[PDB]
Amino acid sequence: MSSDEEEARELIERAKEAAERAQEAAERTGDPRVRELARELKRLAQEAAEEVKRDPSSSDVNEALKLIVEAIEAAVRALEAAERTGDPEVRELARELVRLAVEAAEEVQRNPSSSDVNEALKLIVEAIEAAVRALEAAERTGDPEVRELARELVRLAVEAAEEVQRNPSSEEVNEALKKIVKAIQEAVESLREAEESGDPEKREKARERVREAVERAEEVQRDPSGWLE
Numbered sequence: 001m002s003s004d005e006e007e008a009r010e011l012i013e014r015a016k017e018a019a020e021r022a023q024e025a026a027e028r029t030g031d032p033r034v035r036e037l038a039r040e041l042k043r044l045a046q047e048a049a050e051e052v053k054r055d056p057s058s059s060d061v062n063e064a065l066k067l068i069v070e071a072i073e074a075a076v077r078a079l080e081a082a083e084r085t086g087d088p089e090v091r092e093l094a095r096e097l098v099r100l101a102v103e104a105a106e107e108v109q110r111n112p113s114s115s116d117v118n119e120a121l122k123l124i125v126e127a128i129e130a131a132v133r134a135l136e137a138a139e140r141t142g143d144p145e146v147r148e149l150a151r152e153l154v155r156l157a158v159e160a161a162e163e164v165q166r167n168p169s170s171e172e173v174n175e176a177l178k179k180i181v182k183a184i185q186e187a188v189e190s191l192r193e194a195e196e197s198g199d200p201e202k203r204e205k206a207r208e209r210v211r212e213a214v215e216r217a218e219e220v221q222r223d224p225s226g227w228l229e
């Protein structure tokens, strides 16, 4: 078996496992909307895998499948994280994140040759992963205020991700989401530091650190090109 052949077989298997996880996760939510989204994740994996199964010699087709599989895996993690929280607002944020993954994946499958559409999904996947980490970190604090701020922060990322999804070729919209993702990653790192500390003062510091990330993300959405920075 050649290298292209081996890579194809491996990716098709990875796609199958992803869609299967998506199936399982969605049926556990009992939300008919999430079941529909997971059905859509499965459909996209099969459509993208079917192209690779036909002809595994195209770099673009194999790259499209790989990115779509990464999007499904991230969507799966979002749904699993939401279920762990038992929190209805977090479940709704997860639904919103999964919907964005679906819509961005649909654009990739339709246009595998487009660098922009590829970049949009890539960045959106990174945003989903960062958002899930922020929500998980906030949940671990058990603190109502940190949790609420994390949700505010993820909503700003969702609104910026939608802009990217709808305008993949706009560099300004891309840079805005990158800045917000950076702010989320900084919030996550601050929460980790406070979590590994036994200092109550470090926990109040955490609230404020997440608050500063929210204020940063709000500033970015008001001035996405950083004209004022």
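Letter by letter, the sequence shown follows residues 1 to 229 of the deposited numbering. Virtual Cβ for every residue (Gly too), placed ideally from N, Cα, C.
Cβ neighbours of residue i in the same chain (closer than 7 Å, five flanking residues each side left out)
{"i": "residue 42", "result": "19, 22 and 23"}
{"i": "residue 74", "result": "101, 125, 128 and 129"}
{"i": "residue 47", "result": "109"}
{"i": "residue 161", "result": "100, 124, 127 and 177"}
{"i": "residue 122", "result": "67"}
{"i": "residue 96", "result": "158"}
{"i": "residue 28", "result": "83"}
{"i": "residue 132", "result": "77, 78 and 81"}
{"i": "residue 179", "result": "220"}
{"i": "residue 192", "result": "137"}
{"i": "residue 103", "result": "165"}
Whole-angstrom C-beta distance between residue j and residue i, which should lie under 8 Å
{"i": "residue 218", "j": "residue 156", "result": "7 Å"}
{"i": "residue 173", "j": "residue 164", "result": "5 Å"}
{"i": "residue 68", "j": "residue 44", "result": "6 Å"}
{"i": "residue 194", "j": "residue 205", "result": "6 Å"}
{"i": "residue 62", "j": "residue 136", "result": "About 32 Å; that fails the 8 Å criterion."}
Environment of residue i [buried if 16+ CB atoms lie within 10 Å]
{"i": "residue 54", "result": "exposed"}
{"i": "residue 222", "result": "exposed"}
{"i": "residue 190", "result": "buried"}
{"i": "residue 99", "result": "buried"}
{"i": "residue 33", "result": "exposed"}
{"i": "residue 200", "result": "exposed"}
{"i": "residue 91", "result": "buried"}
{"i": "residue 166", "result": "exposed"}
{"i": "residue 40", "result": "buried"}
{"i": "residue 209", "result": "buried"}
Close beta carbons around residue i, own chain, < 8 Å, minus the five adjacent residues each side
{"i": "residue 1", "result": "9"}
{"i": "residue 64", "result": "48, 51, 108, 109, 112 and 118"}
{"i": "residue 116", "result": "168 and 169"}
{"i": "residue 31", "result": "91 and 95"}
{"i": "residue 207", "result": "143, 145, 146 and 149"}
Contact under 7 Å by Cβ, residue i with residue j
{"i": "residue 108", "j": "residue 176", "result": "no"}
{"i": "residue 49", "j": "residue 15", "result": "yes"}
{"i": "residue 213", "j": "residue 168", "result": "no"}
{"i": "residue 12", "j": "residue 52", "result": "yes"}
{"i": "residue 105", "j": "residue 94", "result": "no"}
{"i": "residue 230", "j": "residue 138", "result": "The chain is shown only over 1 to 229; residue 230 falls outside these bounds and no answer can be derived."}
{"i": "residue 60", "j": "residue 112", "result": "yes"}
{"i": "residue 151", "j": "residue 83", "result": "no"}
{"i": "residue 80", "j": "residue 25", "result": "yes"}
{"i": "residue 149", "j": "residue 211", "result": "yes"}
{"i": "residue 57", "j": "residue 4", "result": "yes"}
Nonlocal neighbours in the same chain, by C-beta distance under 6 Å from residue i, ignoring five residues either side
{"i": "residue 216", "result": "183"}
{"i": "residue 225", "result": "172"}
{"i": "residue 202", "result": "194"}
{"i": "residue 185", "result": "130"}
{"i": "residue 85", "result": "139"}
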